[PDB]
Amino acid sequence: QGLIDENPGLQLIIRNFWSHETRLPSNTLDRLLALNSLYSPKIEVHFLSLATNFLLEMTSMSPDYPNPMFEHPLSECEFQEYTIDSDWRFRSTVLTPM
Amino acid sequence: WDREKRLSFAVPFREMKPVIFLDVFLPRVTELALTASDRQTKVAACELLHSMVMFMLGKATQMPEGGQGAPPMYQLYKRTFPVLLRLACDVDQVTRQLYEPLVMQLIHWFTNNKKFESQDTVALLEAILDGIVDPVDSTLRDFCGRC
Amino acid sequence: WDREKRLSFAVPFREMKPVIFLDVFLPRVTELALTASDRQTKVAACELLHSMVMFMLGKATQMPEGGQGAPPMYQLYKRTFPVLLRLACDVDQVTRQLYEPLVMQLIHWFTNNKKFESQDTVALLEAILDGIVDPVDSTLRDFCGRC
Amino acid sequence: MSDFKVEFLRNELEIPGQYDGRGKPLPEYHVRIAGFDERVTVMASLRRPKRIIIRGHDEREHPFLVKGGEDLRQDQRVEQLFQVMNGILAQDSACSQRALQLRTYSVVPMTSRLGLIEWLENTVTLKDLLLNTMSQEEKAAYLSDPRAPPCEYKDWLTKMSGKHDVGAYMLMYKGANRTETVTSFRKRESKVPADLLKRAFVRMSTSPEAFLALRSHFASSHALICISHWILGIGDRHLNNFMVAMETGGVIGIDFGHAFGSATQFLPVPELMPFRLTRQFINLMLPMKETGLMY
Ligand SMILES: Nc1ncnc2c1ncn2[C@@H]1O[C@H](COP(=O)(O)OP(=O)(O)OP(=O)(O)O)[C@@H](O)[C@H]1O
């Protein structure tokens, strides 16, 4: 039940507790088999997202995790960095001629 | 949305390489990216669809099949291009700053020495020239004109 | 044999993915495959070159670059196609049963809807039409005629 | 050029200038024109000469330079010379033991205002090679984005008391004390990138033994050219006026509009330097000065 806890800080510590390779296994089959033990019905509304969060985060350490999916771009072209506003705003909130 | 599974994607595990076919996620992720009223869900559904249409272009360009029928993923392109327009000129400014450049970026790629003759561009053209018609949106038509 | 390294090949390790550029091995492996007098060396040098020209075709067909100059690996193709002829009608029957089918297999692929216009086929044609000329071999000319 | 084909009632045109004194000719084995082609481009340098292409009866390309308005009489005569220099070089022990020869090439002065000057295939000019060793970040220093001239030179003329671009050199030689001109020249010579030609041959070479050899032949062939160019007083050694013979890696000295001292005779910008030993060659030999293998 601490794995649905209201404070995101405690929600993270208990996730990080079960993720450890001694509490809950590292090979994918025994991980998939073991996750069925991480249930009681008081967790059910969240369970599917937790089981998948424990399987895909086993890839956080995988040798391909930082490789590119396709080796090189579509043709000769050049690329840049970028930034998105992401702070205080939805578009429909400031008047036109100002 | 397709007769047979495109997007076969091998999950990066250390023991093994199990396969997900990503073309099952689109019918729900497209609806989330437009219509999710919770803003934090919405933007995360966008960046999944962005990374998933990057995956799309790459997988098609390896030539999984080279024509001799419906080009691979034409049936996806016909279904995802109208979503990409409706979702550039979305209201949410974090969504707009992500997809206005991406549609112009796609529109550059879909004019090219081989690909200008492709039905990928026919699907694209007829998506945008249905975009300008829309009977219930004023800002979609402006964007599709600029497209 | 080339201005910049083609054939960048990531060795399958478990910890890591170090890169070998295979186009350094060709200048010696080609000489072994023809000219090795020890027969056990010879056939093993062939099956390396076979697997290495399979690697070649695949890596080019991912389109590492799409023209706009010398096609990638044209400079390898111009240097490896004459070796492939001289080495189909080699004496050694184990070598011949491996490369007669492979040259006809290449010759099929190098006629195709895109690739028939490619300088890959110009290099191929002018390799074979130097093959029929050879001033010091009677069996090379017969093969290049049948090619 | 569209209308020319192989047809009767025409003397079939053997490829221009292919006849030479090296043994009895076998005349019918010489190439002859099948036709011109639907392709052309113009060279960048000031007389905008033209990379014409001829197809021979051999079913083979002869890419060629048309040059004209300039009279190729001078250019032919400066090659007779180079052919006889190959002559003595092959015929004394001090140079046969070193395998020393220039490359000459065929001029043919097709009229008082033309020639079909042979293009050496699989070659590139030394300025093209130099920029082709740079990244986009050092290339910025020739796109002239960091300063309006590539090195400061054209603007630094004002510190050197020269204002305009042309002829302003005619003033600097007045007050150009050794200390200010050396120290400012050394500041520019130390601006422009290290190890460019070392990078060119590392890119060409298979491995350290192949690099050491290739290095030596570039510097050897370069050395022999720059003395023989001096011997006949040639000038305007601009970096388009050299090619790397990219297969063999040797230098070729490309052209001679200013032969026989006539480079330094012509007034408006005098050429003091007798020939070329600049920085990226000294940097090519780095651990030893030009007093090694070049000298
Ligand atoms: N043999 C050659 N092979 C390849 N390119 C050549 C050859 N000879 C000359 N060129 C090209 O021709 C261009 C100019 O013509 P050329 O060098 O023959 O006469 P030039 O009087 O020196 O011309 P310019 O002063 O304008 O450079 C050169 O800059 C070079 O690009």
# chains A, B, ... in the order shown; residues from 1 in each chain; ligands from 1
$ residues_around --residues "residue C:33" --least-positions-apart "3" --cutoff "6 Å" --atoms "only C-alpha atoms" --output "ChimeraX atom specification"
/C:30,42,45-46
$ residues_near_ligand --ligand "ligand 1" --cutoff "6 Å" --atoms "only C-alpha atoms and all ligand atoms" --output "PyMOL selection string"
chain D and resi 43+45-47+49+118-120+240+254-255+257
$ write_last_selection --atoms "N, CA and C atoms" --output "PDB file, in the first residue's frame"
ATOM      1  N   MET D  43      35.129  26.586 -64.677  1.00  0.00           N
ATOM      2  CA  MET D  43      36.106  26.707 -63.590  1.00  0.00           C
ATOM      3  C   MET D  43      36.056  28.105 -62.951  1.00  0.00           C
ATOM      4  N   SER D  45      38.360  30.211 -61.620  1.00  0.00           N
ATOM      5  CA  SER D  45      39.462  31.156 -61.788  1.00  0.00           C
ATOM      6  C   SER D  45      39.234  32.099 -62.993  1.00  0.00           C
ATOM      7  N   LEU D  46      39.794  33.316 -62.924  1.00  0.00           N
ATOM      8  CA  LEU D  46      39.307  34.542 -63.577  1.00  0.00           C
ATOM      9  C   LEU D  46      38.947  34.494 -65.083  1.00  0.00           C
ATOM     10  N   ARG D  47      39.603  33.665 -65.910  1.00  0.00           N
ATOM     11  CA  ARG D  47      39.299  33.486 -67.345  1.00  0.00           C
ATOM     12  C   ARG D  47      38.167  32.484 -67.624  1.00  0.00           C
ATOM     13  N   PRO D  49      37.587  29.213 -67.799  1.00  0.00           N
ATOM     14  CA  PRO D  49      37.757  28.095 -68.711  1.00  0.00           C
ATOM     15  C   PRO D  49      36.820  26.942 -68.340  1.00  0.00           C
ATOM     16  N   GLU D 118      44.796  18.700 -71.246  1.00  0.00           N
ATOM     17  CA  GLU D 118      44.286  17.461 -70.644  1.00  0.00           C
ATOM     18  C   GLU D 118      43.972  17.569 -69.148  1.00  0.00           C
ATOM     19  N   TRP D 119      42.765  17.150 -68.772  1.00  0.00           N
ATOM     20  CA  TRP D 119      42.378  17.037 -67.376  1.00  0.00           C
ATOM     21  C   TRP D 119      43.031  15.769 -66.823  1.00  0.00           C
ATOM     22  N   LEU D 120      43.827  15.834 -65.756  1.00  0.00           N
ATOM     23  CA  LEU D 120      44.225  14.636 -65.014  1.00  0.00           C
ATOM     24  C   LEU D 120      43.083  14.181 -64.097  1.00  0.00           C
ATOM     25  N   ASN D 240      45.193  27.310 -56.152  1.00  0.00           N
ATOM     26  CA  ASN D 240      44.554  26.596 -57.253  1.00  0.00           C
ATOM     27  C   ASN D 240      45.549  26.140 -58.335  1.00  0.00           C
ATOM     28  N   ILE D 254      50.385  23.525 -62.071  1.00  0.00           N
ATOM     29  CA  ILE D 254      49.297  23.337 -63.055  1.00  0.00           C
ATOM     30  C   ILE D 254      49.359  24.264 -64.274  1.00  0.00           C
ATOM     31  N   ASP D 255      49.747  25.533 -64.106  1.00  0.00           N
ATOM     32  CA  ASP D 255      49.689  26.505 -65.205  1.00  0.00           C
ATOM     33  C   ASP D 255      50.657  27.700 -65.059  1.00  0.00           C
ATOM     34  N   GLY D 257      50.597  31.097 -67.245  1.00  0.00           N
ATOM     35  CA  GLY D 257      50.332  32.414 -67.832  1.00  0.00           C
ATOM     36  C   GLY D 257      51.399  33.463 -67.513  1.00  0.00           C
TER      37      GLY D 257
END
$ interface_residues --of "chain C" --to "chain D" --cutoff "9 Å" --atoms "only C-alpha atoms" --output "list in words"
residues 1, 2, 3, 4 and 24 of chain C
$ write_last_selection --atoms "C-alpha atoms" --output "PDB file, in the first residue's frame"
ATOM      1  CA  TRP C   1      40.533   1.837 -51.448  1.00  0.00           C
ATOM      2  CA  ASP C   2      38.152   4.596 -50.188  1.00  0.00           C
ATOM      3  CA  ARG C   3      38.447   8.273 -49.064  1.00  0.00           C
ATOM      4  CA  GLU C   4      36.406   7.688 -45.866  1.00  0.00           C
ATOM      5  CA  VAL C  24      40.681  -2.389 -43.951  1.00  0.00           C
TER       6      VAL C  24
END
$ calpha_fit_and_write --fixed "chain B" --moving "chain C" --output "PDB file with C-alpha atoms, in the first residue's frame"
ATOM      1  CA  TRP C   1      -6.194   0.665 -38.840  1.00  0.00           C
ATOM      2  CA  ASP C   2      -4.060  -1.796 -40.903  1.00  0.00           C
ATOM      3  CA  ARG C   3      -4.489  -5.323 -42.404  1.00  0.00           C
ATOM      4  CA  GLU C   4      -1.148  -6.572 -40.985  1.00  0.00           C
ATOM      5  CA  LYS C   5       1.146  -5.296 -38.183  1.00  0.00           C
ATOM      6  CA  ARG C   6       3.662  -2.571 -39.104  1.00  0.00           C
ATOM      7  CA  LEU C   7       5.891  -0.961 -36.387  1.00  0.00           C
ATOM      8  CA  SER C   8       7.380  -4.250 -35.014  1.00  0.00           C
ATOM      9  CA  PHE C   9       9.565  -2.878 -32.167  1.00  0.00           C
ATOM     10  CA  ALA C  10      12.069  -4.906 -30.134  1.00  0.00           C
ATOM     11  CA  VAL C  11      12.135  -3.731 -26.506  1.00  0.00           C
ATOM     12  CA  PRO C  12      15.730  -3.177 -25.292  1.00  0.00           C
ATOM     13  CA  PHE C  13      16.076  -5.855 -22.537  1.00  0.00           C
ATOM     14  CA  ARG C  14      19.470  -7.351 -21.419  1.00  0.00           C
ATOM     15  CA  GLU C  15      18.477 -11.047 -21.460  1.00  0.00           C
ATOM     16  CA  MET C  16      16.197 -10.900 -24.538  1.00  0.00           C
ATOM     17  CA  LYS C  17      14.463  -8.890 -27.353  1.00  0.00           C
ATOM     18  CA  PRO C  18      10.633  -9.304 -27.046  1.00  0.00           C
ATOM     19  CA  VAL C  19       8.558  -7.542 -29.753  1.00  0.00           C
ATOM     20  CA  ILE C  20       5.753  -4.963 -29.360  1.00  0.00           C
ATOM     21  CA  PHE C  21       3.728  -3.919 -32.438  1.00  0.00           C
ATOM     22  CA  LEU C  22       3.217  -0.185 -31.740  1.00  0.00           C
ATOM     23  CA  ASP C  23       0.281   0.240 -34.202  1.00  0.00           C
ATOM     24  CA  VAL C  24      -2.124  -0.975 -31.434  1.00  0.00           C
ATOM     25  CA  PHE C  25      -1.393   2.152 -29.306  1.00  0.00           C
ATOM     26  CA  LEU C  26      -2.286   4.812 -31.935  1.00  0.00           C
ATOM     27  CA  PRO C  27      -6.118   4.574 -31.840  1.00  0.00           C
ATOM     28  CA  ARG C  28      -6.072   5.532 -28.102  1.00  0.00           C
ATOM     29  CA  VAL C  29      -2.953   7.771 -28.008  1.00  0.00           C
ATOM     30  CA  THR C  30      -4.293   9.973 -30.821  1.00  0.00           C
ATOM     31  CA  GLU C  31      -7.550  10.492 -28.847  1.00  0.00           C
ATOM     32  CA  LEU C  32      -5.595  11.364 -25.673  1.00  0.00           C
ATOM     33  CA  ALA C  33      -3.343  13.847 -27.452  1.00  0.00           C
ATOM     34  CA  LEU C  34      -6.318  15.895 -28.795  1.00  0.00           C
ATOM     35  CA  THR C  35      -9.081  15.351 -26.295  1.00  0.00           C
ATOM     36  CA  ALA C  36      -7.498  14.782 -22.840  1.00  0.00           C
ATOM     37  CA  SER C  37      -8.872  17.539 -20.563  1.00  0.00           C
ATOM     38  CA  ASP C  38      -6.216  16.838 -17.876  1.00  0.00           C
ATOM     39  CA  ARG C  39      -3.284  18.870 -19.188  1.00  0.00           C
ATOM     40  CA  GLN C  40      -0.471  16.677 -17.797  1.00  0.00           C
ATOM     41  CA  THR C  41      -1.875  13.578 -19.590  1.00  0.00           C
ATOM     42  CA  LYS C  42      -2.216  15.573 -22.827  1.00  0.00           C
ATOM     43  CA  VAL C  43       1.394  16.703 -23.257  1.00  0.00           C
ATOM     44  CA  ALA C  44       2.793  13.252 -22.344  1.00  0.00           C
ATOM     45  CA  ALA C  45       0.455  11.678 -24.954  1.00  0.00           C
ATOM     46  CA  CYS C  46       1.823  14.173 -27.494  1.00  0.00           C
ATOM     47  CA  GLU C  47       5.468  13.340 -26.894  1.00  0.00           C
ATOM     48  CA  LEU C  48       4.702   9.651 -27.208  1.00  0.00           C
ATOM     49  CA  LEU C  49       2.968  10.303 -30.579  1.00  0.00           C
ATOM     50  CA  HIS C  50       5.924  12.517 -31.683  1.00  0.00           C
ATOM     51  CA  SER C  51       8.493   9.822 -30.873  1.00  0.00           C
ATOM     52  CA  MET C  52       6.139   7.218 -32.406  1.00  0.00           C
ATOM     53  CA  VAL C  53       5.835   9.135 -35.750  1.00  0.00           C
ATOM     54  CA  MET C  54       9.642   9.521 -35.757  1.00  0.00           C
ATOM     55  CA  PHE C  55       9.734   5.738 -35.369  1.00  0.00           C
ATOM     56  CA  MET C  56       7.216   5.578 -38.204  1.00  0.00           C
ATOM     57  CA  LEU C  57       9.225   7.521 -40.793  1.00  0.00           C
ATOM     58  CA  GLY C  58      12.441   5.617 -39.969  1.00  0.00           C
ATOM     59  CA  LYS C  59      10.833   2.148 -40.174  1.00  0.00           C
ATOM     60  CA  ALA C  60       9.228   2.978 -43.544  1.00  0.00           C
ATOM     61  CA  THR C  61      12.592   4.341 -44.875  1.00  0.00           C
ATOM     62  CA  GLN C  62      14.419   1.055 -44.123  1.00  0.00           C
ATOM     63  CA  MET C  63      11.982  -0.161 -46.896  1.00  0.00           C
ATOM     64  CA  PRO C  64      10.218  -3.019 -44.996  1.00  0.00           C
ATOM     65  CA  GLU C  65       8.486  -3.544 -48.352  1.00  0.00           C
ATOM     66  CA  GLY C  66       9.051  -1.289 -51.478  1.00  0.00           C
ATOM     67  CA  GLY C  67       5.635  -0.830 -53.011  1.00  0.00           C
ATOM     68  CA  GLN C  68       4.099  -3.444 -55.314  1.00  0.00           C
ATOM     69  CA  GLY C  69       0.788  -2.508 -53.720  1.00  0.00           C
ATOM     70  CA  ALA C  70      -0.271  -0.208 -50.927  1.00  0.00           C
ATOM     71  CA  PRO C  71       3.069   1.238 -49.683  1.00  0.00           C
ATOM     72  CA  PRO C  72       3.763  -0.001 -46.133  1.00  0.00           C
ATOM     73  CA  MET C  73       2.159   2.341 -43.601  1.00  0.00           C
ATOM     74  CA  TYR C  74       0.165   4.315 -46.248  1.00  0.00           C
ATOM     75  CA  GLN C  75      -2.909   3.137 -44.301  1.00  0.00           C
ATOM     76  CA  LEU C  76      -1.355   4.656 -41.114  1.00  0.00           C
ATOM     77  CA  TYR C  77      -0.311   7.866 -42.889  1.00  0.00           C
ATOM     78  CA  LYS C  78      -3.889   8.284 -44.255  1.00  0.00           C
ATOM     79  CA  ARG C  79      -5.110   7.991 -40.599  1.00  0.00           C
ATOM     80  CA  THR C  80      -2.384   9.970 -38.730  1.00  0.00           C
ATOM     81  CA  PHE C  81      -1.821  12.968 -41.029  1.00  0.00           C
ATOM     82  CA  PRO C  82      -5.297  14.502 -40.305  1.00  0.00           C
ATOM     83  CA  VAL C  83      -4.558  14.039 -36.563  1.00  0.00           C
ATOM     84  CA  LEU C  84      -1.215  15.843 -36.984  1.00  0.00           C
ATOM     85  CA  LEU C  85      -2.963  18.934 -38.451  1.00  0.00           C
ATOM     86  CA  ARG C  86      -5.761  19.106 -35.845  1.00  0.00           C
ATOM     87  CA  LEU C  87      -3.040  18.932 -33.212  1.00  0.00           C
ATOM     88  CA  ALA C  88      -0.555  21.545 -34.485  1.00  0.00           C
ATOM     89  CA  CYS C  89      -3.034  24.415 -34.104  1.00  0.00           C
ATOM     90  CA  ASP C  90      -4.387  22.894 -30.936  1.00  0.00           C
ATOM     91  CA  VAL C  91      -4.990  25.561 -28.261  1.00  0.00           C
ATOM     92  CA  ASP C  92      -2.388  24.259 -25.725  1.00  0.00           C
ATOM     93  CA  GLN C  93       0.788  26.290 -26.417  1.00  0.00           C
ATOM     94  CA  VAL C  94       3.140  23.453 -25.340  1.00  0.00           C
ATOM     95  CA  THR C  95       1.482  21.188 -27.971  1.00  0.00           C
ATOM     96  CA  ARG C  96       1.622  23.917 -30.703  1.00  0.00           C
ATOM     97  CA  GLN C  97       5.367  24.610 -30.236  1.00  0.00           C
ATOM     98  CA  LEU C  98       5.954  20.867 -30.856  1.00  0.00           C
ATOM     99  CA  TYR C  99       3.758  20.122 -33.920  1.00  0.00           C
ATOM    100  CA  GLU C 100       3.687  23.292 -36.086  1.00  0.00           C
ATOM    101  CA  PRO C 101       7.433  22.773 -36.830  1.00  0.00           C
ATOM    102  CA  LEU C 102       6.889  18.989 -37.186  1.00  0.00           C
ATOM    103  CA  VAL C 103       4.179  19.316 -39.852  1.00  0.00           C
ATOM    104  CA  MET C 104       6.321  21.787 -41.856  1.00  0.00           C
ATOM    105  CA  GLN C 105       9.264  19.381 -41.360  1.00  0.00           C
ATOM    106  CA  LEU C 106       7.106  16.486 -42.727  1.00  0.00           C
ATOM    107  CA  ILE C 107       5.918  18.705 -45.585  1.00  0.00           C
ATOM    108  CA  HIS C 108       9.574  19.381 -46.610  1.00  0.00           C
ATOM    109  CA  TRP C 109      10.437  15.651 -46.537  1.00  0.00           C
ATOM    110  CA  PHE C 110       7.360  14.723 -48.555  1.00  0.00           C
ATOM    111  CA  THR C 111       8.706  16.770 -51.473  1.00  0.00           C
ATOM    112  CA  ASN C 112      11.857  14.933 -52.759  1.00  0.00           C
ATOM    113  CA  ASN C 113      13.596  13.345 -55.787  1.00  0.00           C
ATOM    114  CA  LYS C 114      12.005   9.867 -55.249  1.00  0.00           C
ATOM    115  CA  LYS C 115       9.203  10.621 -52.786  1.00  0.00           C
ATOM    116  CA  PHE C 116       7.387  13.454 -54.700  1.00  0.00           C
ATOM    117  CA  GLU C 117       5.725  10.739 -56.863  1.00  0.00           C
ATOM    118  CA  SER C 118       4.745   8.565 -53.833  1.00  0.00           C
ATOM    119  CA  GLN C 119       1.173   8.016 -52.604  1.00  0.00           C
ATOM    120  CA  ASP C 120       2.613   9.034 -49.178  1.00  0.00           C
ATOM    121  CA  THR C 121       2.370  12.566 -50.630  1.00  0.00           C
ATOM    122  CA  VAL C 122      -1.078  11.892 -52.185  1.00  0.00           C
ATOM    123  CA  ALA C 123      -2.374  10.905 -48.738  1.00  0.00           C
ATOM    124  CA  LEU C 124      -0.627  13.993 -47.336  1.00  0.00           C
ATOM    125  CA  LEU C 125      -2.038  16.378 -49.984  1.00  0.00           C
ATOM    126  CA  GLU C 126      -5.621  15.079 -49.679  1.00  0.00           C
ATOM    127  CA  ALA C 127      -5.345  15.235 -45.861  1.00  0.00           C
ATOM    128  CA  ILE C 128      -4.409  18.945 -45.985  1.00  0.00           C
ATOM    129  CA  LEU C 129      -6.966  19.728 -48.737  1.00  0.00           C
ATOM    130  CA  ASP C 130      -9.617  18.186 -46.490  1.00  0.00           C
ATOM    131  CA  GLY C 131      -8.088  20.260 -43.625  1.00  0.00           C
ATOM    132  CA  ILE C 132      -8.891  23.638 -45.312  1.00  0.00           C
ATOM    133  CA  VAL C 133     -12.573  22.541 -45.693  1.00  0.00           C
ATOM    134  CA  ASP C 134     -13.373  21.904 -42.011  1.00  0.00           C
ATOM    135  CA  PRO C 135     -17.051  22.886 -41.329  1.00  0.00           C
ATOM    136  CA  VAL C 136     -16.533  23.416 -37.522  1.00  0.00           C
ATOM    137  CA  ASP C 137     -13.057  25.068 -37.082  1.00  0.00           C
ATOM    138  CA  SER C 138     -11.743  28.554 -38.120  1.00  0.00           C
ATOM    139  CA  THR C 139      -8.040  28.121 -37.118  1.00  0.00           C
ATOM    140  CA  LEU C 140      -7.527  24.696 -38.744  1.00  0.00           C
ATOM    141  CA  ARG C 141      -8.354  26.227 -42.169  1.00  0.00           C
ATOM    142  CA  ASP C 142      -5.827  29.055 -41.740  1.00  0.00           C
ATOM    143  CA  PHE C 143      -3.111  26.560 -40.794  1.00  0.00           C
ATOM    144  CA  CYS C 144      -3.946  24.207 -43.686  1.00  0.00           C
ATOM    145  CA  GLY C 145      -3.755  27.215 -46.067  1.00  0.00           C
ATOM    146  CA  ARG C 146      -0.252  28.059 -44.702  1.00  0.00           C
ATOM    147  CA  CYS C 147       0.578  24.354 -45.101  1.00  0.00           C
TER     148      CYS C 147
END
$ select_by_dssp --residues "stretch 29-126 of chain B" --states "alpha helix (DSSP H)" --output "number ranges by chain"
B: 29-35, 39-61, 74-86, 93-109, 119-126
$ atom_distance --atom1 "atom CA of residue A:23" --atom2 "atom CA of residue A:66"
26.3 Å
$ residues_around --residues "residue D:73" --least-positions-apart "5" --cutoff "12 Å" --atoms "only C-alpha atoms" --output "short mmCIF file (atom, residue, chain, number, x, y, z; two decimals) with C-alpha atoms, in the first residue's frame"
data_model
loop_
_atom_site.label_atom_id
_atom_site.label_comp_id
_atom_site.auth_asym_id
_atom_site.auth_seq_id
_atom_site.Cartn_x
_atom_site.Cartn_y
_atom_site.Cartn_z
CA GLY D 68 41.39 30.32 -74.73
CA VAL D 78 56.95 25.89 -70.89
CA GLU D 79 56.14 22.13 -71.29
CA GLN D 80 58.89 21.38 -73.93
CA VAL D 107 48.88 21.29 -74.03
CA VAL D 108 47.66 21.60 -77.67
CA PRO D 109 47.35 25.21 -79.01
CA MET D 110 44.34 24.41 -81.29
CA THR D 111 44.26 28.03 -82.35
CA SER D 112 46.09 31.28 -81.39
CA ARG D 113 43.26 31.60 -78.77
CA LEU D 114 42.56 27.94 -77.71
CA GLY D 115 43.79 24.68 -76.34
CA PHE D 256 52.03 29.18 -66.52
CA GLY D 257 50.33 32.41 -67.83
CA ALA D 259 56.42 32.15 -67.09
#
$ closest_atom_pairs --of "chain A" --to "chain C" --cutoff "10 Å" --atoms "only C-alpha atoms" --output "Markdown table"
| residue | atom | partner | partner_atom | distance |
| --- | --- | --- | --- | --- |
| A:62 | CA | C:15 | CA | 9.4 |
| A:63 | CA | C:16 | CA | 6.8 |
| A:64 | CA | C:16 | CA | 9.3 |
| A:67 | CA | C:17 | CA | 9.8 |
| A:70 | CA | C:62 | CA | 9.5 |
| A:71 | CA | C:64 | CA | 8.4 |
| A:72 | CA | C:64 | CA | 6.9 |
| A:73 | CA | C:64 | CA | 8.6 |
| A:74 | CA | C:65 | CA | 8.6 |
| A:75 | CA | C:65 | CA | 6.5 |
| A:76 | CA | C:65 | CA | 7.5 |
$ write_last_selection --atoms "N, CA and C atoms" --output "mmCIF file, in the first residue's frame"
data_model
loop_
_atom_site.group_PDB
_atom_site.id
_atom_site.type_symbol
_atom_site.label_atom_id
_atom_site.label_comp_id
_atom_site.auth_asym_id
_atom_site.auth_seq_id
_atom_site.Cartn_x
_atom_site.Cartn_y
_atom_site.Cartn_z
ATOM 1 N N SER A 62 19.934 -1.079 -19.673
ATOM 2 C CA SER A 62 20.218 -1.941 -20.841
ATOM 3 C C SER A 62 21.251 -1.339 -21.811
ATOM 4 N N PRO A 63 22.093 -2.134 -22.498
ATOM 5 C CA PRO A 63 23.128 -1.612 -23.400
ATOM 6 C C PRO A 63 22.596 -0.819 -24.595
ATOM 7 N N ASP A 64 21.351 -1.054 -25.019
ATOM 8 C CA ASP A 64 20.716 -0.293 -26.097
ATOM 9 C C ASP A 64 20.020 0.987 -25.655
ATOM 10 N N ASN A 67 21.555 3.947 -27.332
ATOM 11 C CA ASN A 67 21.790 3.861 -28.780
ATOM 12 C C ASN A 67 20.677 4.551 -29.584
ATOM 13 N N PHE A 70 17.788 4.312 -35.407
ATOM 14 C CA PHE A 70 18.233 4.232 -36.803
ATOM 15 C C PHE A 70 19.592 4.910 -36.946
ATOM 16 N N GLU A 71 20.599 4.384 -37.632
ATOM 17 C CA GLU A 71 21.979 4.894 -37.371
ATOM 18 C C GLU A 71 22.264 6.396 -37.691
ATOM 19 N N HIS A 72 21.733 6.897 -38.815
ATOM 20 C CA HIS A 72 22.021 8.186 -39.489
ATOM 21 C C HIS A 72 20.674 8.847 -39.932
ATOM 22 N N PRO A 73 20.604 10.156 -40.281
ATOM 23 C CA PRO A 73 19.357 10.819 -40.713
ATOM 24 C C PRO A 73 18.862 10.411 -42.124
ATOM 25 N N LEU A 74 17.741 11.012 -42.533
ATOM 26 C CA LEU A 74 16.990 10.763 -43.764
ATOM 27 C C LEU A 74 17.792 11.085 -45.037
ATOM 28 N N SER A 75 18.632 12.122 -45.004
ATOM 29 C CA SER A 75 19.563 12.515 -46.075
ATOM 30 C C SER A 75 20.664 13.443 -45.519
ATOM 31 N N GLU A 76 21.403 14.169 -46.363
ATOM 32 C CA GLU A 76 22.222 15.302 -45.911
ATOM 33 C C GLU A 76 21.334 16.446 -45.402
#
